[PDB]
Each structure stands twice: as C-alpha cells, then as structure tokens.
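Visitor: My questions will all concern the structure given below.
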Amino acid sequence: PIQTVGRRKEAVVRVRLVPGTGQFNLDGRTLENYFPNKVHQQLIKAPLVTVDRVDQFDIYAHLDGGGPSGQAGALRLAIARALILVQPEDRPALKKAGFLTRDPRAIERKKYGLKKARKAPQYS
Amino acid sequence: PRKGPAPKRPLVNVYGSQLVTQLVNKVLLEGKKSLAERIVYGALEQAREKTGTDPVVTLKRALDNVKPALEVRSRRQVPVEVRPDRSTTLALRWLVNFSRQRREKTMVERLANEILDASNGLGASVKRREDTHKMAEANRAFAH
Amino acid sequence: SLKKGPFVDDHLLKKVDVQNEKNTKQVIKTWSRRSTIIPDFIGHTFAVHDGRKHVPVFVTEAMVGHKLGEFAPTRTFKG
Amino acid sequence: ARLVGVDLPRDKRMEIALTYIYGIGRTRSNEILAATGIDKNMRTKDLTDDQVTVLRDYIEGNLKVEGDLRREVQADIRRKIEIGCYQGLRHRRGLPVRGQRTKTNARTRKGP
Amino acid sequence: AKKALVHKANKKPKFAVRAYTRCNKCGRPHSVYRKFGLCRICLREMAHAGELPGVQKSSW
Amino acid sequence: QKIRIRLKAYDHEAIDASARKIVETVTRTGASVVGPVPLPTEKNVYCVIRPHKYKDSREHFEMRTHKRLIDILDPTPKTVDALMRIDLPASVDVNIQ
Amino acid sequence: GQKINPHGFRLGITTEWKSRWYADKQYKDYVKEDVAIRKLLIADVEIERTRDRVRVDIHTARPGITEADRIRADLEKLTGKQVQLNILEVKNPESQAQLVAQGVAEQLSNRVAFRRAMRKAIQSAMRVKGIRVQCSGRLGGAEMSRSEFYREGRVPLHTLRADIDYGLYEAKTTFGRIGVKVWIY
RNA sequence: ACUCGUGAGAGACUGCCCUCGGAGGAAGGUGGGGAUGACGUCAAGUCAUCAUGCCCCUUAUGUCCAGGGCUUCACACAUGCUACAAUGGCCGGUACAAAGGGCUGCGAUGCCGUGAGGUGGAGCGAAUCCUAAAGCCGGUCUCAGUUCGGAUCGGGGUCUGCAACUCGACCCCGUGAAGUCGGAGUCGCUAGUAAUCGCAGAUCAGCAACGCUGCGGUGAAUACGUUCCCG
RNA sequence: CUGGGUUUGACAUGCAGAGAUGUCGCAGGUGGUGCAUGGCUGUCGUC
Ligand SMILES: [Mg+2]
Ligand SMILES: [Mg+2]
Ligand SMILES: [Mg+2]
Ligand SMILES: [Mg+2]
Ligand SMILES: [Mg+2]
Ligand SMILES: [Mg+2]
Ligand SMILES: [Mg+2]
Ligand SMILES: [Mg+2]
Ligand SMILES: [Mg+2]
C-alpha cells in the first residue's frame, strides 16, 4: 500500500491511504476529538481541499513525538507526500501551493552565558 | 534592515479573511493562540448576533474609521505619507489597546463594544486618528 | 524535631545522674550546645559555652521542650 | 447571621463565608459544611435563623473562634519573649524569628 | 589545599558524614566531579592532553 | 539455548574491528547469530569553567559509549570453546550472557 | 585566553588517547591509579589497562637509561597488577615535539642565551612542513617578563586536518621558570 | 513493511535566463546553529587549582580537636523569582514531549496516613525495569486589597544526619503583611527568535537552587529607512 | 576568633574526658609580593 512519512519539529507521524468515504482516524480516535481546534482542522485538510479530492480517501495514522501543533502540521506534509503516490498529476499543484517543504525551523541550543538561546542577561 | 529589506511574513486566512488572522496576533499575548482566538471569536460573533448582523464587514467598515493616512515623526515634527500596509497595523493595534483600557468585565465584551463604537465613530480608537491628523495637518510647514 | 525520641549527648547526662545523689548542686560546665532539656534537669544550673566564655543557665519547667543552646546568644548587636 | 464570633459577611457563598471568622479558613470551613451540614453553593442570606445555630453549636466547642484564639497566640509570645529562648530574643527587637537573613529585605517585620 | 588537610580526607572520618572528597591530583575541595574523581581544573589538563579515555570536546 | 554477547566501548571504529572478529570466529562453526545490531549511544556531558572568577567562558566535554548486542542463536560445545579462546578484543568490554 | 590546546582540539580526528582502557564501576579508581604513575615516571607515555594487566608504554630518545625492572616493582606496589613494561625508541627526536622542548629546556637551564638556543631548534628540525617555537617569560634575568617567538615554514593552527605535534616544558633558571612551547606541522 | 537507533553514502556550486526573477529539490545563493579567538593591547584576574624566584614563620602565622563564625544589620547598589488579577483564581474531567539519571543505587503494584511520609521489597548494573505543565470541554466567583497575593507569625509533624539552638526544607492547620503595572532613567530580542509553560542533570547523606547548564511544548509583533545618537 | 593539647611535629628520608588525647585490654605554611614569574583564562573582537 501507500505508506508515507511526514515530520515536523520532532513529531514523527505515519500515514496510510485506502480509497473510501470521507473520514480519518488517529490511533483509534476521531479528528474532532484529537484536535478540538479550528486552525488545525483546515491545516491538515489543505492538500486534500486545494486539489479537490477530499472525500476519495481514508487515512489511518500513528502519532509520536512533539505536541498538538507539531503533530497537526506533520500530518499536512505526510498527506502532501502521500497524494503524489496516488498520481503525480497532483505534484505540480501541491508544490506551487507550498506543502512539500518541511520546516527547517527547529529549536536552537541554549548557549553558555545566555538564559534562553539568544537572550543575554541585564547589563551595567 | 540597514543593508536591505527582509522578506515579509506569509499569513494564512475558517472565515477566510486576512484581517481576522492579523487581529488574532495583535490580540495574542503570552504566546498562546487559542485563548487569543476564542476572545476574537467571542467578540466577533457577539457583534454578529446582536447589532450588525454580518460578521466580517462590521469589523472592516469599522476598521476604515480607525485607519490613518498620515502620521507624525520628529527629524530633530515632519508629517509623512503612511504606507498602505502600515495603515492596517495601526488600525488593528489601536483597536486592541483601548479594549484592554476599557472598564467592562471581560475581553469578549470589551473588544466587542470597541468595534461597535468604531462603526459609529464615537470610540477611543476613532478619537486617536483625529488627534494624529490634527497633529499632522496643523504642521505642514515642517514638511520639506 | 528528632522524629522519635529526644536527644541528650551521653557525657552531659552522666553529670546530671551524679547530681541525683546530691539531688543537684552547683553549676556544671557544659560544652555540648546540642542537647535537649529532659525534665530530669529542672532546678539545675550549668555554665554553657558561648564560643568564647561560659554563661550561667538556670532551668525551669518552661524551658523543657526548648534545646539547651537557645539561652546563650553567640553574637552581639547593641547598635 | 450572627456568625457566632460576631461579624456577618455581606452575603455570597457559604464555603468562603466562614473564612472571615478568625478560627476558620478554607479547609476547616470545608470540614464544617460537609458534616454539619449544608452545600457549598448555598448563600448566607438564604440560610434560616435556626440553620445558623446548627453551625454555632458544632464549632463553638471544637475550635477557638476569635478572642480565645487571639489571646492564646499573644500569650504564647509573651512567655516565649521572656521565656529566654533565642526565638523570643528576636521578638524584643522586632526582627525576624525563624532564621532569616536580615541584611537585605526583612521589611515585613521592620517596616517602611 | 595544604598537605595536612589532604590526608584528613584519606583517614577514617569517625562519622560516615565527614568523608568530604578532595580531588586526587588537584587536592582542591570545590568542584570535584564524581566518577572522574578529579578537580574541575584538572579535568581540562587531563582532557586536552588525551588522558581520560572516552572524554573529549565538546559541542555538540 | 541462546547466548548473547554484549559489547561496550568508546571508539565507534574500534568496535567495527571487534564486531567482525565475533563473526569470523562463530561462522567457523558456520551460519547462525543475528549479526550486529546498532543499539543507541549514551552521552554523559560535563560543563567546566575555563582557574578562578570567569564563569561565562565554559567548555563542554562529552563521552560516548557505543554498544553492540549481537545475539548468538545456536549454542554448541565446539562453538563455546572457540568463541572465548581465539577471540581477543583490545581495550573493548565483552559480556557474555 | 588565546589559542586552545591543539592536542585536545583534534581528539576526534587524529590524536588517540595516551590512556586507552575502558571501565564503568572501576573508572574513578583507574584514573587515580594513572595519576600516581605519571607523577612517578621522555617523548610520550601510553597505557593499555586490562584486568590484572598494564602495558605502560614509553617513548624516549635515549632508551638505555635492569633499572626498568626495579621501576616495574616500584609501579607494582602502587598498581597491584601485572606490569608488562615496554620502553620504545622514536625516529627523529629532532622532529618530536616534547623532545625539542626538552632540548631547549637543557639550554636555558645551563645559561645558554635564548636567541642562540631557539635558532638551533627551528633550523635543525626543519632540515616537516613548518615549525613555530616560543619561549615565554623571565629571559636572561631581566626584571620585567617578556615573550618572543621564532618560526620557519608554515604552521596552520585552525586547520583541523593538519596534524600539529604540540609540546610544553617549564625550564627552571636561577631567577624563576621559562615556559617553552613547540608547534611542529 | 512504515518508523527509530546507528554505520556507509549521495545532494548545492548562480551550476542552466552585478542583480531582478526561472525549473526542480527536502533545501538556496554566507540554508540553521555550534567548535574555532591572527599580530597584539590593558604592568587586566589568580602566589587561594597546581607549580615556583626572593623574603618571612620554625617552637609557631606550622598541627588536631571540640565550640562558635563565614547566615549579624539603621541602611545602599546589583542579579532573579512570586506578584499585583478575569488572556484569570480555585476543581472535577480528559492528552500529546525529548533529553536524561540510577549500585552505600533508582525504587513498582499492595496495605497505613489529611500529607511530607511509613511499610515492604517486584524488577534492575539498562531502546527491557524504576522516573510533563500551559492546553481543550464544562462548573464556580464578579472588578472588591477580594475565593487576587502568599510574606510574616503561632502551634504541631515528617525525613535524612552521631547532632538540624545558633542555621536544613518539606506539607497539614490558624494568621492573611506590602502590593491597584511602577519617578528620573534604563537594558533583552530579527523566527521556531521575544514572551510564557514545564522536565532532567551536574555538586550532593541533607538541602538556603527562584542560581547554573541542557531539553522539548505553545509561539507573536515589526525592520519605511540612514540623516539622528553609540562603537 | 576564643580555647584545650603537641614538638623533628598526623606526611617523606574497655575506664576517664567537651573532644583530640591519655591509661589498661629537614618536613610543613590558603603567608607576604600577580608591579618578581610559568601555566591557565577575560577582554577590545569573531573585529
Ligand atoms: Mg524554549
Ligand atoms: Mg574558520
Ligand atoms: Mg595590576
Ligand atoms: Mg558567603
Ligand atoms: Mg548597624
Ligand atoms: Mg485541572
Ligand atoms: Mg540534590
Ligand atoms: Mg608560599
Ligand atoms: Mg598581571
């Protein structure tokens, strides 16, 4: 089958596609119950809704690492890769929409002399 | 900033309006979006129900009555033509600050009532744009 | 707060056991600051070390729960 | 509405109403109103006069409501001050008692 | 830190508390790493000189 | 009837010498074993000030203990004699289990 | 501060521990054991500890200085383990880093002047891609200290691939001590 | 198989239209951060990490031991936590981290207790065993020095330790002090950064730790510009 | 710092008492001088 990675901010996702009616499940739970949030709802479905496939595919998914905004954003890139393995007609749409980029955003190291990463202490 | 302009941040639009996501961030403190957003959805959909009877344009028409076209600066006071996008930053940011100043119990209600006063033009947010235009256009001499 | 039991240092309490024979007499030198006042002691003197000199300390029934070191203040501020 | 001690809170919930009494704070008021008893969301106005006297009789005997309690804290200090314990050497010159550093910021005891 | 107070740390302490752990080479009380059993300063003499196996700079 | 050869050592290249040396000794008696399997590397970290009065300066000092697990499936009297005897790793720990 | 130890700086790439033994529970003790040995006991000294066994390998320019078998028995008491001692030679003690510093240590201690004594080391050892040598502090019994250096060829300190052999010794005069430093690429 | 741990590798150089923009690629034209500190300044810090020239102490300024003291206190400055409230407090539900540490050690279920704890020892020298909060849905308080705040003080306790009076902190109960965004003036920060929220470690019986050094959660605002000050 | 002991000095070449300690079963010195010095850092400046 189609099995696809996705990562964000150290939040390691799995995805797998089967064709069927419009739902998807997250370790034996609904989308609405895992993310009670309107912002994270559209952001997962963005590669589905932009291309207008939407109700074609199931997703079963496993969720490790990170947090709610990390794992929600990680599903987007997981799906964005996965819809190309259906057919590479979607790739030129999905690239210009801007979903195939993972974030090279990651948390910077806390440095000696400084309390958070960049932030120095008080002076003189 | 000395060497050249850095690139501006991209900004994602349930409503699908540029202004509401810009309002979310101006409301936001402590870096938590959800309590910032639920106060916006509290105030915006209160103004939907009671008075104005559409969601977005009640804010957008009120936002025109905050927006200044002109601002004052000191060279060391020279008035300056404000950019199209900088006018919207002052529009949101004033509207949020006077909601924090207001006496009403909760910011669902304070931010709601501020938008209604901005629709009329009796509010403290709309009071400020007159004062900036007063201080701008009373000068003019210094502009060269 | 010694959870279970009180503390007296064993060299102190032997001198108090000698006073039982006399029923307590005079003032006995004491270099252990660290001992409790067990109600065997009540109505007795001892000369307790200040880290400098020995201060005379009479005992009463009010001073039972308190430790022996509490009645000789080690540093002086008049000003 | 007497409150037993004397003062009557000006209405509101009952759970917190008892904290204005000197003997009682939050946890002992939870213990009273559980046993005696009447719910937390009941208010001080909507108690009947005999329902106040059920609170009176139970806690009057058990704890120090005010004056008895008020004198006992002062009377323990009065002996301890002259008791000769170092702990009440510190009372006689208005300094902190429980082994704090008095070099910077002991302004609760000392004052402005 | 002297010679005499070093041999205090080697002796039997009488009570199990008083064993306070001097540095082996440094003979310094403060900042002696457990396991290494070395002075913090001494650690930099040893670790730069390639003396402690498995210990090396650094970040990251 | 399963023997487990646990390795621990500092240098990651030096274990790759020994991990081959376990294979050749056991594959004399022929086949069997899992092969080597990577296993995660621990990291103790120690921050030290660079003699007196300059706190902001600092170094850091890692030490890495690389580990291998191996797992021999087949015990045999010919194997266990040859396993310990001819195999000699230099400055690397081996714990049979 | 200025110039980290280039021996320690290239530990991952090309330096290799003088002590090459592993432990966990015995690890505090084996460091304390090696501190006793290197105080007691020269170009370089390596050790390869194993249970009940130590190599204690030595590099020296003049190997001959029977007596080593007594020094084994001196180390035998402190270690309490089977000492299998080896003394080795090294090719080019002229080119070795600590032995150049020990060469200059003899010169300054015997009241040879420093600009004479330094020039020998840089000229001879180059006769390697480049050399830098530096003697520091209290030179010829002057009141104020100074540090001067000499060099020939090229010595790139920041290049990690470049193997620099570093050495140090405190040569002890009538007036104090001079710290010699030798970088050889 | 998909992760994930390592071990080999490939992949970015304006290379295809100064620079504006192109096509892919996971990535752009210093991709992100560290490690690195030239020749030298300041007679910059340390004789208290350790060495050491000279001078001094040698019958003590050396050397054990209990005792105190380094924790005082009219004040003054500095660095930092907790706060001044509804983007809240209390309280019931329900859930997402990755770095770590563990042999005189880390300590599970179980029963005792209001609780810090006691009891007892499963398992374990380790990807096996032991070790999130803010959030979201509800409820409740109503702009009050309060159900904000958690200082100070009085009784009692637990735990290591020979011993917690001088001086350990832990949590139960009474008390509820100043404080209503802060004068002149001042610093920190250009993106996973500021701001906020936890978790672990080193030293360590015990802990004055709100410090220090690391990790991950949520996550903004603005950089028109170079005259204006500072280097 | 007040004491209680000790003298080539702790290092190399059970009953008494606060307790160390009893009585029976040349070394050394956190000691002066960082403007005598080495080594090791801070800094101007990652300029
Ligand atoms: Mg952070
Ligand atoms: Mg470079
Ligand atoms: Mg000076
Ligand atoms: Mg201090
Ligand atoms: Mg004073
Ligand atoms: Mg809760
Ligand atoms: Mg601790
Ligand atoms: Mg000296
Ligand atoms: Mg100097």
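Here's how to read the names in the structure tokens: chain A, B, ... by the order shown, residue numbers from 1 in each chain, ligand numbers from 1 in the order shown.
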Name each residue within 8 Å of ligand 3, counting only C-alpha atoms (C1' of nucleotides) and all ligand atoms, as a VMD selection string.

Guide: (chain H and resid 43 to 44) or (chain I and resid 34 to 35)

Visitor: Let me have all residues with an atom within 9 Å of ligand 1, counting only C-alpha atoms (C1' of nucleotides) and all ligand atoms, laid out as a VMD selection string.

Guide: (chain A and resid 107 to 108 110 116 to 117) or (chain H and resid 215 to 217)

Visitor: Which residues form the shell of 10 Å around ligand 7 when you count only C-alpha atoms (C1' of nucleotides) and all ligand atoms, given as a list in words?

Guide: residues 202, 203, 204, 206, 207 and 209 of chain H

Visitor: Restricting the output to N, CA and C atoms (P, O5', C5', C4', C3', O3' and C1' of nucleotides), write the selected residues as a PDB file, in the first residue's frame.

Guide:
ATOM      1  P     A H 202      23.482  13.542  38.087  1.00  0.00           P
ATOM      2  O5'   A H 202      24.725  14.519  38.273  1.00  0.00           O
ATOM      3  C5'   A H 202      25.838  14.465  37.364  1.00  0.00           C
ATOM      4  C4'   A H 202      26.503  15.816  37.254  1.00  0.00           C
ATOM      5  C3'   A H 202      27.110  16.380  38.533  1.00  0.00           C
ATOM      6  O3'   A H 202      28.379  15.793  38.802  1.00  0.00           O
ATOM      7  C1'   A H 202      25.933  18.085  37.391  1.00  0.00           C
ATOM      8  P     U H 203      28.586  14.859  40.085  1.00  0.00           P
ATOM      9  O5'   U H 203      28.650  15.908  41.283  1.00  0.00           O
ATOM     10  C5'   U H 203      29.891  16.545  41.638  1.00  0.00           C
ATOM     11  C4'   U H 203      29.641  17.737  42.530  1.00  0.00           C
ATOM     12  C3'   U H 203      29.165  17.421  43.938  1.00  0.00           C
ATOM     13  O3'   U H 203      30.265  17.126  44.796  1.00  0.00           O
ATOM     14  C1'   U H 203      27.967  19.281  43.021  1.00  0.00           C
ATOM     15  P     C H 204      30.246  15.819  45.725  1.00  0.00           P
ATOM     16  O5'   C H 204      28.811  15.883  46.414  1.00  0.00           O
ATOM     17  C5'   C H 204      28.562  16.718  47.559  1.00  0.00           C
ATOM     18  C4'   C H 204      27.094  16.698  47.918  1.00  0.00           C
ATOM     19  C3'   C H 204      26.524  15.352  48.337  1.00  0.00           C
ATOM     20  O3'   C H 204      26.791  15.087  49.715  1.00  0.00           O
ATOM     21  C1'   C H 204      25.032  16.447  46.839  1.00  0.00           C
ATOM     22  P     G H 206      20.766  12.811  49.632  1.00  0.00           P
ATOM     23  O5'   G H 206      20.516  13.828  50.835  1.00  0.00           O
ATOM     24  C5'   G H 206      19.209  13.990  51.425  1.00  0.00           C
ATOM     25  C4'   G H 206      19.209  15.111  52.443  1.00  0.00           C
ATOM     26  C3'   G H 206      18.988  16.515  51.902  1.00  0.00           C
ATOM     27  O3'   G H 206      17.601  16.804  51.738  1.00  0.00           O
ATOM     28  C1'   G H 206      20.715  16.512  53.550  1.00  0.00           C
ATOM     29  P     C H 207      16.897  16.722  50.295  1.00  0.00           P
ATOM     30  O5'   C H 207      16.303  18.190  50.109  1.00  0.00           O
ATOM     31  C5'   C H 207      16.948  19.184  49.287  1.00  0.00           C
ATOM     32  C4'   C H 207      17.426  20.336  50.136  1.00  0.00           C
ATOM     33  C3'   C H 207      17.984  21.519  49.363  1.00  0.00           C
ATOM     34  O3'   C H 207      16.933  22.374  48.920  1.00  0.00           O
ATOM     35  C1'   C H 207      19.435  20.968  51.167  1.00  0.00           C
ATOM     36  P     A H 209      17.370  29.445  48.110  1.00  0.00           P
ATOM     37  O5'   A H 209      17.802  28.591  46.834  1.00  0.00           O
ATOM     38  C5'   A H 209      17.314  28.998  45.535  1.00  0.00           C
ATOM     39  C4'   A H 209      17.395  27.891  44.509  1.00  0.00           C
ATOM     40  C3'   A H 209      16.812  26.530  44.908  1.00  0.00           C
ATOM     41  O3'   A H 209      15.900  26.057  43.915  1.00  0.00           O
ATOM     42  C1'   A H 209      18.966  26.271  43.969  1.00  0.00           C
TER      43        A H 209
END

Visitor: Report as a list in words the set of chain I residues whose atoms approach chain E to within 10 Å, with distances computed over only C-alpha atoms (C1' of nucleotides).

Guide: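 Matching residues, ligands excluded from the count: residues 10, 11, 28, 29, 30 and 40 of chain I.
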
Visitor: Got a sec to pull out which chain C residues are within 7 Å of chain D, counting only C-alpha atoms, and send them as a PyMOL selection string?

Guide: chain C and resi 62+70-71+73

Visitor: Could you turn the residues from that selection into a file that holds N, CA and C atoms, as a PDB file, in the first residue's frame?

Guide:
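And here is the file that came out, result.pdb:
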ATOM      1  N   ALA C  62       9.286  25.790  82.142  1.00  0.00           N
ATOM      2  CA  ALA C  62       9.086  26.471  80.853  1.00  0.00           C
ATOM      3  C   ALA C  62      10.143  26.120  79.793  1.00  0.00           C
ATOM      4  N   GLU C  70      19.687  27.415  73.294  1.00  0.00           N
ATOM      5  CA  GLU C  70      18.861  28.592  72.986  1.00  0.00           C
ATOM      6  C   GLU C  70      19.072  29.797  73.921  1.00  0.00           C
ATOM      7  N   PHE C  71      19.686  29.577  75.088  1.00  0.00           N
ATOM      8  CA  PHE C  71      19.778  30.591  76.149  1.00  0.00           C
ATOM      9  C   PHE C  71      21.161  31.255  76.248  1.00  0.00           C
ATOM     10  N   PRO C  73      23.238  33.499  73.541  1.00  0.00           N
ATOM     11  CA  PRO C  73      23.338  34.063  72.192  1.00  0.00           C
ATOM     12  C   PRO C  73      24.785  34.345  71.784  1.00  0.00           C
TER      13      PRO C  73
END

Visitor: Could you list the protein, DNA and RNA residues that have any atom within 12 Å of ligand 4, counting only C-alpha atoms (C1' of nucleotides) and all ligand atoms, and write them as JSON, numbers by chain?

Guide: {"D": [101], "H": [69, 70, 71, 208]}

Visitor: Write a file of the just-selected residues containing C-alpha atoms (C1' of nucleotides), as a PDB file, in the first residue's frame.

Guide:
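New file part-v3.pdb:
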ATOM      1  CA  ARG D 101      18.912  36.767  56.790  1.00  0.00           C
TER       2      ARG D 101
ATOM      3  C1'   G H  69      31.807  32.279  62.922  1.00  0.00           C
ATOM      4  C1'   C H  70      31.560  32.584  57.105  1.00  0.00           C
ATOM      5  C1'   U H  71      23.821  33.224  57.867  1.00  0.00           C
ATOM      6  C1'   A H 208      19.367  28.047  51.689  1.00  0.00           C
TER       7        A H 208
END

Visitor: Can you list, as a list in words, all residues belonging to region 65-141 of chain G that DSSP tags as strand (DSSP E)?

Guide: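 Strand (DSSP E) assignments inside region 65-141 of chain G correspond to residues 87, 88, 130, 131, 132, 133, 134, 135 and 136 of chain G.
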
Visitor: CA of residue 63 (chain F) and CA of residue 55 (chain E), how far apart in Å?

Guide: 4.6 Å

Visitor: Can you pull out every residue with an atom within 12 Å of ligand 8? Use only C-alpha atoms (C1' of nucleotides) and all ligand atoms and format it as a PyMOL selection string.

Guide: (chain E and resi 1-2) or (chain H and resi 47-48+51-57) or (chain I and resi 28-33)
